[PDB]
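Engineer: Quick one: this structure, given as structure tokens, is what I'll be asking you about.
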Amino acid sequence: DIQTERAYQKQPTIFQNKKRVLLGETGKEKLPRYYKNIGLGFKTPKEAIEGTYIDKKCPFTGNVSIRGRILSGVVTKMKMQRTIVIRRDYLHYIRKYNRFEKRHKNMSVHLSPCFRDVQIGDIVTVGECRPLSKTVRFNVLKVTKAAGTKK
Amino acid sequence: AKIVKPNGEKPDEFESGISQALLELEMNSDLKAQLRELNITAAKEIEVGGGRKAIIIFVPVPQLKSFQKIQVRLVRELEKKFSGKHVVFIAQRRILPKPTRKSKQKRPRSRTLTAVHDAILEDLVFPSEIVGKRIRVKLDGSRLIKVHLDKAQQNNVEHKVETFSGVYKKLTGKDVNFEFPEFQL
Amino acid sequence: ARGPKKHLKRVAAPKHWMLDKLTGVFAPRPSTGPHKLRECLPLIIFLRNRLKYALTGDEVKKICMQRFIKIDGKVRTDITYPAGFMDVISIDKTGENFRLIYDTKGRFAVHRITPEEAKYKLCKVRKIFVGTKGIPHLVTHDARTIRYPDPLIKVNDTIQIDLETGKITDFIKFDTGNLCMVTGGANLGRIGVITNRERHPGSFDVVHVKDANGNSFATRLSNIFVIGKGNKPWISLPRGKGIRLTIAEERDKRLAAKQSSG
Amino acid sequence: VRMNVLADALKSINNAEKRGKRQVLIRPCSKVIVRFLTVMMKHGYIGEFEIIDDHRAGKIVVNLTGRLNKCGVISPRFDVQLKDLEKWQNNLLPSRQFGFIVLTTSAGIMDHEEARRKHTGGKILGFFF
Amino acid sequence: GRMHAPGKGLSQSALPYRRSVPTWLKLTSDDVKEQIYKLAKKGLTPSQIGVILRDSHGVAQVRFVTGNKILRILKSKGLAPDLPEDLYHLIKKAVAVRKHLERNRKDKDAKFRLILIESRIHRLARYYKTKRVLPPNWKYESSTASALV
RNA sequence: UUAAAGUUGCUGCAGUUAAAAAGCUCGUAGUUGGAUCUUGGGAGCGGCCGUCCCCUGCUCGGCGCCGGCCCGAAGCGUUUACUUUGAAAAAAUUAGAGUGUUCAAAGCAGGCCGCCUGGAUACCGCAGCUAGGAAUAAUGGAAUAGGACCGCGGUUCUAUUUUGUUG
């Protein structure tokens with residue numbers, strides 16, 4: 001499932017190549033995991049702790065720093081791999097005609113693979129990080145489900 | 001004894017005496033087979049404007065329909081064992097506050113305060129079913145509800161409308177008057 | 001541009017430098033120093049427009065080549081040396097010392113001090129640095145690197161240095177209930193007591209300072225400055241004692257003084 | 001369809017006072033309608049009214065006097081502040097000595113002098129003079 | 001007025017303000033529930049169940065003699081139809097007008113009414129997709145018209 | 001080019017006959033959407049009423065006492081708009097304080113016989129941060145009950161002041 005690619009994927013902090021004694025079972029073949037806390041009152045999911053995936057652009061299990069602005073939005077498409085696109089909606093004011101303006105603009109957000117129950121139409125909270133690509137400047141921190149889906 | 005409270009506290013002298021009085025009232029009558037599971041929760045003693053008194057008796061909701069068809073008798077064994085104390089039956093109901101954003105199940109709309117007040121008013125007197133309701137809002141800003149009752153069984157309710165107004169002003173606080181319309185039926 | 005900016009116009013100057021508008025096209029840009037470009041007071045404008053010792057910009061550089069002006073006890077020959085907040089200016093010839101404390105309005109004001117007050121100077125530490133082989137360092141707001149303080153020094157608390165040796169004598173802990181100085185922004189030059197501090201993670205923290213007469217205001221945490229333990233200061237306050245009285249009360253006291261003077 | 005019960009209510013009471021009637025019926029009810037007539041009743045522009053408590057939506061029998069001139073509704077409910085209320089009062093009241101602006105603030109629904117006293121703003125409903 | 005007609009009609013029921021069980025009714029809730037179960041095993045739409053119960057058994061409404069409405073008991077027992085009543089009748093009317101229009105190619109009025117029936121079917125389908133009653137993949141076509149009764 | 005122009009009308013225009021309702025209907029985007037969820041008082045004050053105190057809950061510690069009372073805190077309570085306050089928001093220009101450039105446009109000076117001082121204040125559309133209210137408008141619960149509380153039964157890793165110096 002992992003290392004389906006010509007370049008090896010590994011975490012650059014945990015040394016996985018220590019010396020073993022009995023060279024078998026009974027307390028071994030359990031890889032240690034590296035994680036960290038983002039802060040700002042956020043919670044690290046257990047799927048990023050007990051997970052097995054390798055991703056350097058993950059905010060929790062990776063070399064990604066979170067600072068700056070905190071936003072929110074609703075997703076539209078999951079087509080490109082490991083990055084999603086969300087839609088943000090806001091009300092603009094016009095000074096001449098004393099009314100309001102509903103407009104939108106969308107942005108590309110990197111999605112960590114620790115969320116696997118994500119679907120169309122749920123409100124997600126994103127955070128500012130480093131420029132990871134040309135159009136990618138945000139990362140997914142927590143996911144709140146949409147209205148309904150009781151079963 | 002016959003009194004059962006939802007909370008573990010000891011009742012006073014008055015409601016214990018009313019529970020005992022109804023205990024011999026169901027003992028000496030032919031209704032002992034019809035009150036085996038029918039109990040009392042709480043009772044009070046308040047006053048009405050004038051030279052009369054009143055008593056209120058609380059009944060739980062899922063046994064209320066048992067007491068609806070026995071109330072037409074039970075009240076006048078209570079005035080034939082008392083001197084002149086008029087006896088009414090009401091159904092108890094818990095009230096919940098509106099959940100604000102400053103402060104969990106969704107509160108069902110049966111616990112709505114206006115619905116509780118409406119249920120208290122309609123179940124306060126059973127045989128005179130309500131056929132009309134108007135609200136007088138006088139120039140001081142206060143509300144004065146007037147409630148129209150049934151044309152039938154008028155004679156055995158008209159002597160207790162002052163007691164109904166007194167107990168509704170005591171439990172809730174609304175000036176409620178009663179009228180008997182004759183136009184419709 | 002193609003490099004660093006080097007000139008400075010008259011109206012590009014900050015308002016607290018507070019010059020006129022028609023005497024030239026250029027204003028004195030200060031040289032690089034311990035303070036920022038915006039909140040500093042150059043030597044040339046001070047000697048030319050505050051004490052009125054000199055009238056022309058060649059006379060002040062003649063003073064600086066005559067070696068009569070010392071900032072923090074060392075002779076400064078720079079004519080545009082930025083003398084910022086909480087600095088002592090000592091003149092060896094006439095024998096008076098000046099300390100720059102903001103008054104009740106947003107500008108620098110003269111404050112004649114005793115020589116016994118003129119041997120120390122307060123500083124605010126910006127960050128704590130641990131050195132090569134575990135040397136505790138200092139980063140003050142006046143760019144003074146001090147080695148090995150007392151180990152109770154934190155990010156926000158202020159220190160007292162001795163001008164001759166450059167070492168800590170005593171420090172004031174940043175707690176709620178200490179005397180306050182505000183430097184920067186709108187509320188600039190008000191004496192009060194720190195009451196409440198709230199933490200905002202990911203953004204700037206804001207404090208709440210209550211003045212002696214009961215007035216309260218809020219400033220950012222980066223623009224705070226502690227001057228005293230409790231309500232007792234460690235320096236000499238200027239006139240007015242940092243109140244920021246309203247313009248109606250200022251009008252009342254000005255008309256009362258004018259009526260009494262006659 | 002019916003998209004604003006309050007505009008229809010105030011139009012109906014305006015037509016009733018313009019013809020010269022004494023009692024009128026308003027087909028729907030709302031809490032905001034009862035607050036609006038409570039403001040005009042406290043200010044003495046309408047008489048003592050009633051609520052026909054029927055199980056659909058209350059019908060309101062308002063006693064009409066000759067003290068009313070015009071009742072109007074601004075649609076939609078425009079946001080108004082303390083600094084922007086004077087323009088509304090200038091171009092919408094007939095005079096500075098009488099007339100009231102009914103605006104919904106967070107502390108209830110009442111006239112604009114009381115909201116000036118409590119220093120609060122909100123959304124405008126209508127006017128009467 | 002109407003939704004695809006110029007008429008403005010006022011003809012519907014008017015339930016009284018009184019909301020109590022009358023004294024002449026000598027029935028319980030379980031008896032009328034059993035009657036609903038038997039008449040639903042007879043296989044009839046819930047509206048006409050209400051018609052027959054009101055006509056024969058003297059009950060005004062089930063919801064004033066039982067604490068809940070008739071389709072809710074029909075779903076609680078587990079014999080309510082999967083498709084709603086009005087949607088099923090609209091699809092049946094669409095099937096009828098399409099079967100009429102196969103043998104009559106020149107009936108333009110029937111084609112216009114078929115357009116109106118299809119529009120009302122779509123507008124009800126949007127609401128039933130919104131309220132999570134019907135699956136999102138259910139689509140209305142002519143070829144699925146005869147397949148879905 | 002602006003006002004005049006209510007002849008570009010958001011405030012604030014007109015469409016039977018003067019300029020102007022698509023031949024008619026369906027229909028996606030857009031805009032707008034019925035009613036209803038907590039109402040009422042108390043101890044006071046001046047001769048029925050204005051202002052004011054009250055109708056949010058579980059791990060640490062000081063205005064105070066003899067493990068018991070209360071108060072205060074590192075940490076938490078559905079989110080939006082709107083409403084009010086606070087921070088930051090360059091100067092000049094605009095309003096505007098003081099001031100006999102002979103007055104004034106201008107300037108920031110100047111006045112007392114070494115001294116006293118000014119060189120303010122306000123606005124800065126929207127968007128971003130923060131704290132009081134929840135009226136107004138939209139979103140949500142629990143209904144095929146894995147619904148909310150309460151004491152009881154098991155599947156795994158570990159807190160060392162707690163099994164005499166050491167396996």
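Here's how to read the names in the structure tokens: chain A, B, ... by the order shown, residue numbers from 1 in each chain, ligand numbers from 1 in the order shown.
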When you get a sec, could you note down which chain A residues fall within 12 Å of chain D, using only C-alpha atoms, as a list in words?
Structural biologist: residues 93, 97, 98, 99 and 100 of chain A
Engineer: Please tabulate, as a tab-separated table, the residues of chain B that come within 12 Å of chain F, each with its closest pair of atoms and the distance in Å to one decimal, counting only C-alpha atoms (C1' of nucleotides) and ordering rows by chain, then residue number upward.
Structural biologist:
```
residue	atom	partner	partner_atom	distance
B:95	CA	F:38	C1'	10.1
B:96	CA	F:38	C1'	9.3
B:97	CA	F:38	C1'	6.8
B:98	CA	F:38	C1'	6.7
B:99	CA	F:37	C1'	9.2
B:100	CA	F:134	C1'	8.2
B:101	CA	F:78	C1'	6.9
B:102	CA	F:56	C1'	7.0
B:103	CA	F:56	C1'	5.3
B:104	CA	F:148	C1'	7.1
B:105	CA	F:148	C1'	6.4
B:106	CA	F:141	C1'	5.2
B:107	CA	F:141	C1'	8.8
B:108	CA	F:37	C1'	9.2
B:109	CA	F:37	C1'	7.0
B:110	CA	F:37	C1'	9.9
B:111	CA	F:37	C1'	8.9
B:112	CA	F:37	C1'	6.1
B:113	CA	F:38	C1'	7.0
B:114	CA	F:39	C1'	7.5
B:115	CA	F:37	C1'	9.9
B:116	CA	F:39	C1'	11.1
B:117	CA	F:39	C1'	9.5
B:140	CA	F:48	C1'	10.6
B:142	CA	F:40	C1'	10.6
B:143	CA	F:40	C1'	11.2
B:169	CA	F:40	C1'	11.1
B:170	CA	F:40	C1'	11.9
B:171	CA	F:40	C1'	11.4
B:172	CA	F:40	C1'	8.3
B:173	CA	F:40	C1'	7.2
B:174	CA	F:40	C1'	8.9
```
Engineer: Can I get the selected residues back with N, CA, C and O atoms, as a compact mmCIF listing (two decimals), in the first residue's frame?
Structural biologist:
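Saved the output as selection25.txt:
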```
# COMPACT_ATOMS: atom_id res chain seq x y z
N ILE B 95 -40.83 22.95 33.56
CA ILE B 95 -40.55 24.05 32.64
C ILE B 95 -39.04 24.09 32.42
O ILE B 95 -38.25 23.86 33.35
N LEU B 96 -38.63 24.31 31.17
CA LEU B 96 -37.22 24.45 30.84
C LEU B 96 -36.96 25.85 30.27
O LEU B 96 -37.81 26.40 29.57
N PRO B 97 -35.80 26.44 30.54
CA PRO B 97 -35.49 27.75 29.98
C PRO B 97 -35.10 27.66 28.51
O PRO B 97 -34.78 26.59 27.98
N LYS B 98 -35.14 28.81 27.85
CA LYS B 98 -34.73 28.89 26.45
C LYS B 98 -33.21 28.77 26.36
O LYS B 98 -32.49 29.52 27.02
N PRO B 99 -32.69 27.83 25.55
CA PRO B 99 -31.23 27.67 25.46
C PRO B 99 -30.56 28.80 24.69
O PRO B 99 -30.63 28.86 23.46
N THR B 100 -29.90 29.70 25.41
CA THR B 100 -29.21 30.81 24.79
C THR B 100 -27.82 30.37 24.32
O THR B 100 -27.32 29.30 24.67
N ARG B 101 -27.20 31.22 23.50
CA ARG B 101 -25.86 30.96 23.00
C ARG B 101 -24.79 31.14 24.07
O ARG B 101 -23.68 30.62 23.90
N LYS B 102 -25.08 31.86 25.15
CA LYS B 102 -24.13 32.01 26.24
C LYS B 102 -23.97 30.71 27.02
O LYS B 102 -22.85 30.31 27.36
N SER B 103 -25.08 30.03 27.30
CA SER B 103 -25.05 28.77 28.04
C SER B 103 -24.70 27.61 27.12
O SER B 103 -25.56 27.08 26.42
N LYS B 104 -26.22 17.88 24.68
CA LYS B 104 -27.51 18.38 25.14
C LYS B 104 -28.61 18.05 24.14
O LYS B 104 -28.46 18.29 22.94
N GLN B 105 -29.70 17.49 24.65
CA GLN B 105 -30.86 17.19 23.81
C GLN B 105 -31.54 18.47 23.37
O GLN B 105 -31.47 19.51 24.04
N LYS B 106 -32.22 18.41 22.22
CA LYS B 106 -33.13 19.47 21.83
C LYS B 106 -34.34 19.47 22.75
O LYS B 106 -34.91 18.41 23.03
N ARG B 107 -34.71 20.64 23.24
CA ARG B 107 -35.89 20.75 24.09
C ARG B 107 -37.13 20.56 23.23
O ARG B 107 -37.33 21.31 22.26
N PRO B 108 -37.98 19.57 23.52
CA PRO B 108 -39.21 19.40 22.74
C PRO B 108 -40.19 20.53 23.01
O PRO B 108 -40.18 21.15 24.08
N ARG B 109 -41.04 20.80 22.03
CA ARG B 109 -41.91 21.96 22.10
C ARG B 109 -43.16 21.74 22.95
O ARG B 109 -43.99 22.64 23.06
N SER B 110 -43.31 20.55 23.55
CA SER B 110 -44.33 20.38 24.58
C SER B 110 -43.96 21.10 25.87
O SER B 110 -44.84 21.37 26.69
N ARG B 111 -42.68 21.43 26.05
CA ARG B 111 -42.19 22.12 27.24
C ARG B 111 -42.17 23.63 27.06
O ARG B 111 -41.59 24.33 27.90
N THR B 112 -42.75 24.13 25.98
CA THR B 112 -42.93 25.55 25.72
C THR B 112 -43.80 26.18 26.82
O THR B 112 -44.81 25.62 27.23
N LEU B 113 -43.35 27.35 27.32
CA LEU B 113 -43.98 27.99 28.47
C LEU B 113 -45.42 28.43 28.19
O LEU B 113 -46.30 28.26 29.04
N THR B 114 -45.67 28.98 27.00
CA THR B 114 -47.03 29.37 26.64
C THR B 114 -47.93 28.15 26.47
O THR B 114 -49.12 28.19 26.81
N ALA B 115 -47.36 27.04 25.98
CA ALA B 115 -48.11 25.79 25.90
C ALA B 115 -48.43 25.23 27.28
O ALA B 115 -49.52 24.69 27.50
N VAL B 116 -47.49 25.36 28.22
CA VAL B 116 -47.71 24.91 29.59
C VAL B 116 -48.80 25.75 30.26
O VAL B 116 -49.69 25.22 30.93
N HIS B 117 -48.77 27.07 30.04
CA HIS B 117 -49.81 27.95 30.58
C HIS B 117 -51.18 27.66 29.96
O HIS B 117 -52.19 27.65 30.67
N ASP B 140 -52.21 50.83 30.53
CA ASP B 140 -51.01 50.70 31.35
C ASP B 140 -50.02 49.68 30.79
O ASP B 140 -48.95 49.50 31.38
N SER B 142 -50.54 46.38 30.51
CA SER B 142 -50.76 45.04 31.02
C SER B 142 -51.82 44.31 30.20
O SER B 142 -52.67 44.92 29.55
N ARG B 143 -51.74 42.98 30.23
CA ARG B 143 -52.67 42.12 29.51
C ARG B 143 -53.74 41.60 30.46
O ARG B 143 -53.45 41.29 31.62
N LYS B 169 -53.87 33.61 38.88
CA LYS B 169 -53.02 34.73 39.25
C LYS B 169 -51.94 34.30 40.23
O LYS B 169 -50.87 34.91 40.30
N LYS B 170 -52.20 33.25 41.01
CA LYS B 170 -51.20 32.78 41.97
C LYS B 170 -50.12 31.95 41.29
O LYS B 170 -48.93 32.18 41.51
N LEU B 171 -50.51 30.97 40.46
CA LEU B 171 -49.52 30.09 39.84
C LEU B 171 -48.76 30.78 38.72
O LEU B 171 -47.56 30.54 38.55
N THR B 172 -49.42 31.64 37.94
CA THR B 172 -48.79 32.29 36.80
C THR B 172 -48.67 33.79 36.96
O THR B 172 -47.56 34.33 36.88
N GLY B 173 -49.77 34.49 37.19
CA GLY B 173 -49.76 35.92 37.35
C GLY B 173 -50.49 36.73 36.29
O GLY B 173 -50.12 37.88 36.06
N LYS B 174 -51.51 36.16 35.65
CA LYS B 174 -52.27 36.85 34.61
C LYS B 174 -53.69 37.08 35.11
O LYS B 174 -54.33 36.16 35.62
```
Engineer: Would you list, as a PyMOL selection string, the residues of chain A that end up in strand (DSSP E or B) under DSSP run on this structure's backbone?
Structural biologist: chain A and resi 70-77+83-94+99-110+123-128+136-143
Engineer: Emit the selected residues as a PDB file, in the first residue's frame, including C-alpha atoms.
Structural biologist:
```pdb
ATOM      1  CA  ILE A  70      -7.725  30.964  10.339  1.00  0.00           C
ATOM      2  CA  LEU A  71     -10.605  30.615   7.867  1.00  0.00           C
ATOM      3  CA  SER A  72     -13.548  28.329   7.114  1.00  0.00           C
ATOM      4  CA  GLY A  73     -15.356  27.022   4.073  1.00  0.00           C
ATOM      5  CA  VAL A  74     -17.279  24.262   2.328  1.00  0.00           C
ATOM      6  CA  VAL A  75     -15.672  21.783  -0.065  1.00  0.00           C
ATOM      7  CA  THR A  76     -16.687  21.343  -3.706  1.00  0.00           C
ATOM      8  CA  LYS A  77     -14.421  18.785  -5.424  1.00  0.00           C
ATOM      9  CA  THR A  83      -5.264  18.534  -2.213  1.00  0.00           C
ATOM     10  CA  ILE A  84      -8.870  19.740  -2.192  1.00  0.00           C
ATOM     11  CA  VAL A  85     -10.698  22.900  -3.239  1.00  0.00           C
ATOM     12  CA  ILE A  86     -13.103  24.779  -0.964  1.00  0.00           C
ATOM     13  CA  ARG A  87     -15.649  27.527  -1.588  1.00  0.00           C
ATOM     14  CA  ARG A  88     -15.867  30.621   0.623  1.00  0.00           C
ATOM     15  CA  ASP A  89     -18.877  32.930   0.750  1.00  0.00           C
ATOM     16  CA  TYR A  90     -19.104  36.474   2.092  1.00  0.00           C
ATOM     17  CA  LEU A  91     -21.195  39.640   1.976  1.00  0.00           C
ATOM     18  CA  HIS A  92     -19.769  42.742   0.272  1.00  0.00           C
ATOM     19  CA  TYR A  93     -21.127  46.268   0.811  1.00  0.00           C
ATOM     20  CA  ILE A  94     -21.817  48.897  -1.865  1.00  0.00           C
ATOM     21  CA  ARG A  99     -27.505  47.126   0.064  1.00  0.00           C
ATOM     22  CA  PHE A 100     -25.276  44.048   0.070  1.00  0.00           C
ATOM     23  CA  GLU A 101     -23.379  41.745  -2.262  1.00  0.00           C
ATOM     24  CA  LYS A 102     -23.184  37.974  -2.157  1.00  0.00           C
ATOM     25  CA  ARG A 103     -20.110  36.850  -4.075  1.00  0.00           C
ATOM     26  CA  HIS A 104     -17.586  34.052  -3.779  1.00  0.00           C
ATOM     27  CA  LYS A 105     -14.075  32.964  -4.640  1.00  0.00           C
ATOM     28  CA  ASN A 106     -12.452  29.549  -4.255  1.00  0.00           C
ATOM     29  CA  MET A 107      -9.000  28.368  -3.152  1.00  0.00           C
ATOM     30  CA  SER A 108      -6.964  25.155  -3.247  1.00  0.00           C
ATOM     31  CA  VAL A 109      -6.270  23.574   0.152  1.00  0.00           C
ATOM     32  CA  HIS A 110      -3.960  20.650   0.911  1.00  0.00           C
ATOM     33  CA  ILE A 123     -17.777  22.791   6.706  1.00  0.00           C
ATOM     34  CA  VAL A 124     -13.989  22.605   7.123  1.00  0.00           C
ATOM     35  CA  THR A 125     -11.596  24.880   9.031  1.00  0.00           C
ATOM     36  CA  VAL A 126      -8.357  25.729   7.227  1.00  0.00           C
ATOM     37  CA  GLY A 127      -5.136  27.353   8.361  1.00  0.00           C
ATOM     38  CA  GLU A 128      -2.365  29.361   6.761  1.00  0.00           C
ATOM     39  CA  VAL A 136      -1.670  25.973  -2.457  1.00  0.00           C
ATOM     40  CA  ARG A 137      -1.243  28.161   0.625  1.00  0.00           C
ATOM     41  CA  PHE A 138      -3.633  26.551   3.143  1.00  0.00           C
ATOM     42  CA  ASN A 139      -3.921  23.278   5.043  1.00  0.00           C
ATOM     43  CA  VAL A 140      -6.776  21.320   6.627  1.00  0.00           C
ATOM     44  CA  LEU A 141      -6.864  21.170  10.439  1.00  0.00           C
ATOM     45  CA  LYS A 142     -10.333  20.017  11.572  1.00  0.00           C
ATOM     46  CA  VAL A 143     -13.424  18.747   9.746  1.00  0.00           C
TER      47      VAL A 143
END
```
Engineer: Give me the residues near region 16-20 of chain E as a ChimeraX atom specification, where near means some atom within 8 Å (using only C-alpha atoms (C1' of nucleotides)) and where sequence neighbours in that chain fewer than 3 positions away do not count.
Structural biologist: /B:130-131 /D:54-55 /E:64
Engineer: Which one is closest to residue 37 (chain B): B:71, B:63, B:19, B:154? Count only C-alpha atoms.
Structural biologist: B:63
Engineer: Nearest to chain E: which of B:48, B:119, B:157, B:56 is it, counting only C-alpha atoms?
Structural biologist: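 When distances to chain E are compared using only C-alpha atoms, the smallest one comes from B:119.
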Engineer: Mind listing as a PyMOL selection string which residues of chain D are within 12 Å of chain E, counting only C-alpha atoms?
Structural biologist: chain D and resi 1-2+53-57
Engineer: Keeping N, CA and C atoms for every residue in the selection just given, could you write it to a file as a short mmCIF file (atom, residue, chain, number, x, y, z; two decimals), in the first residue's frame?
Structural biologist:
```cif
data_model
loop_
_atom_site.label_atom_id
_atom_site.label_comp_id
_atom_site.auth_asym_id
_atom_site.auth_seq_id
_atom_site.Cartn_x
_atom_site.Cartn_y
_atom_site.Cartn_z
N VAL D 1 -46.92 35.85 -3.34
CA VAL D 1 -47.66 35.49 -2.14
C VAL D 1 -47.40 36.50 -1.03
N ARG D 2 -47.92 36.22 0.16
CA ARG D 2 -47.76 37.10 1.30
C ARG D 2 -46.35 36.95 1.86
N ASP D 53 -57.77 35.44 19.90
CA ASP D 53 -56.89 34.28 20.02
C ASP D 53 -57.58 33.08 19.39
N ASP D 54 -57.38 32.92 18.08
CA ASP D 54 -57.81 31.77 17.32
C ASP D 54 -56.55 30.95 17.00
N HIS D 55 -56.73 29.65 16.78
CA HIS D 55 -55.62 28.71 16.70
C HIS D 55 -54.88 28.75 15.36
N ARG D 56 -55.02 29.82 14.57
CA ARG D 56 -54.35 29.91 13.28
C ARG D 56 -53.25 30.96 13.32
N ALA D 57 -53.64 32.21 13.57
CA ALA D 57 -52.79 33.37 13.77
C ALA D 57 -53.76 34.43 14.26
#
```
Engineer: Residues of chain F were defined as contacting chain A if any atom lay at most 9 Å from it, counting only C-alpha atoms (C1' of nucleotides); please report them as a list in words.
Structural biologist: residues 10, 81, 125, 126 and 140 of chain F
Engineer: Emit the selected residues as a PDB file, in the first residue's frame, including C-alpha atoms (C1' of nucleotides).
Structural biologist:
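What landed in part.pdb:
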```pdb
ATOM      1  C1'   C F  10     -30.658  53.635  -4.309  1.00  0.00           C
ATOM      2  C1'   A F  81     -24.959  38.993  10.014  1.00  0.00           C
ATOM      3  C1'   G F 125     -15.394  54.532   3.388  1.00  0.00           C
ATOM      4  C1'   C F 126     -15.072  48.497   3.242  1.00  0.00           C
ATOM      5  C1'   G F 140     -29.464  21.945  14.231  1.00  0.00           C
TER       6        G F 140
END
```
Engineer: Residues at most 10 Å from residue 115 (chain D), counting only C-alpha atoms (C1' of nucleotides), excluding those fewer than 4 positions away in the same chain, as a list in words?
Structural biologist: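 Selected residues are residues 82, 102, 103, 104, 105, 107, 108, 109, 110, 111, 119, 120, 121 and 122 of chain D.
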Engineer: Put those residues in a file: C-alpha atoms, as a PDB file, in the first residue's frame.
Structural biologist:
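Okay, out_0.pdb is ready:
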```
ATOM      1  CA  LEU D  82     -26.383  56.164  15.826  1.00  0.00           C
ATOM      2  CA  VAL D 102     -39.687  52.223  15.143  1.00  0.00           C
ATOM      3  CA  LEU D 103     -36.420  50.287  14.984  1.00  0.00           C
ATOM      4  CA  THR D 104     -35.529  46.845  16.323  1.00  0.00           C
ATOM      5  CA  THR D 105     -32.522  46.876  18.609  1.00  0.00           C
ATOM      6  CA  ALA D 107     -33.003  45.402  23.830  1.00  0.00           C
ATOM      7  CA  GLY D 108     -36.492  45.396  22.283  1.00  0.00           C
ATOM      8  CA  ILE D 109     -38.590  47.242  19.732  1.00  0.00           C
ATOM      9  CA  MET D 110     -39.389  50.895  20.488  1.00  0.00           C
ATOM     10  CA  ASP D 111     -38.967  54.516  19.353  1.00  0.00           C
ATOM     11  CA  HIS D 119     -27.107  54.302  22.843  1.00  0.00           C
ATOM     12  CA  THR D 120     -28.010  51.344  20.636  1.00  0.00           C
ATOM     13  CA  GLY D 121     -28.958  50.749  17.020  1.00  0.00           C
ATOM     14  CA  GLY D 122     -30.311  48.040  14.746  1.00  0.00           C
TER      15      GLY D 122
END
```
Engineer: Using only C-alpha atoms (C1' of nucleotides), which residues sit within 9 Å of region 77-92 of chain E once same-chain residues fewer than 6 positions away are excluded, as an MDAnalysis selection string?
Structural biologist: chainID E and resid 37 40:41 45:47 71 117:118 120:121 124:125 133:134 140 145:146 148:149
Engineer: Rounded to one decimal place, report the CA of residue 72 (chain C)-CA of residue 84 (chain C) distance in Å.
Structural biologist: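 A separation of 11.2 Å between them.
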Engineer: For a quick test of understanding: name the residues of chain A lying within 9 Å of chain C when counting only C-alpha atoms, and present them as an mmCIF file with N, CA and C atoms, in the first residue's frame.
Structural biologist:
```cif
data_model
loop_
_atom_site.group_PDB
_atom_site.id
_atom_site.type_symbol
_atom_site.label_atom_id
_atom_site.label_comp_id
_atom_site.auth_asym_id
_atom_site.auth_seq_id
_atom_site.Cartn_x
_atom_site.Cartn_y
_atom_site.Cartn_z
ATOM 1 N N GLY A 39 -1.447 23.536 18.351
ATOM 2 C CA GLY A 39 -1.849 24.586 19.254
ATOM 3 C C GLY A 39 -3.141 25.239 18.806
ATOM 4 N N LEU A 40 -3.339 26.473 19.294
ATOM 5 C CA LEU A 40 -4.530 27.300 19.044
ATOM 6 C C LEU A 40 -5.818 26.610 19.492
ATOM 7 N N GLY A 41 -5.732 25.767 20.520
ATOM 8 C CA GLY A 41 -6.882 25.025 20.992
ATOM 9 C C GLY A 41 -7.335 23.892 20.098
ATOM 10 N N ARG A 67 0.686 29.280 11.063
ATOM 11 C CA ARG A 67 0.668 30.611 11.655
ATOM 12 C C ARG A 67 -0.176 31.504 10.760
ATOM 13 N N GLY A 68 -0.619 32.627 11.315
ATOM 14 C CA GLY A 68 -1.288 33.628 10.506
ATOM 15 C C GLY A 68 -2.791 33.705 10.675
ATOM 16 N N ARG A 69 -3.530 33.330 9.634
ATOM 17 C CA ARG A 69 -4.975 33.488 9.598
ATOM 18 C C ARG A 69 -5.671 32.135 9.670
#
```
Engineer: Find the residues around residue 27 (chain C) up to 8 Å (only C-alpha atoms (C1' of nucleotides) counted), leave out those fewer than 2 positions away in its own chain, and share them as an MDAnalysis selection string.
Structural biologist: chainID C and resid 7:10 13 24:25 29
Engineer: What residues in region 35-122 of chain D get the DSSP label helix (DSSP H, G or I)? Please answer as a list in words.
Structural biologist: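 Result set for region 35-122 of chain D (helix (DSSP H, G or I)): residues 35, 36, 37, 38, 39, 40, 41, 42, 85, 86, 87, 88, 89, 90, 91, 92, 112, 113, 114, 115, 116, 117 and 118 of chain D.
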Engineer: Leaving out residue 5 (chain D) and any residue of its chain fewer than 5 positions from it, which residues lie within 9 Å of it when counting only C-alpha atoms (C1' of nucleotides), given as a list in words?
Structural biologist: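 The residues satisfying every condition are residues 10, 27, 28, 29, 30 and 33 of chain D; 34 of chain F.
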Engineer: To one decimal place in Å, what is the distance between CA of residue 89 (chain D) and CA of residue 112 (chain D)?
Structural biologist: 9.1 Å
Engineer: To one decimal in Å, tell me the separation between CA of residue 77 (chain C) and CA of residue 35 (chain C).
Structural biologist: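 Separating CA of residue 77 (chain C) from CA of residue 35 (chain C) is a distance of 17.3 Å.
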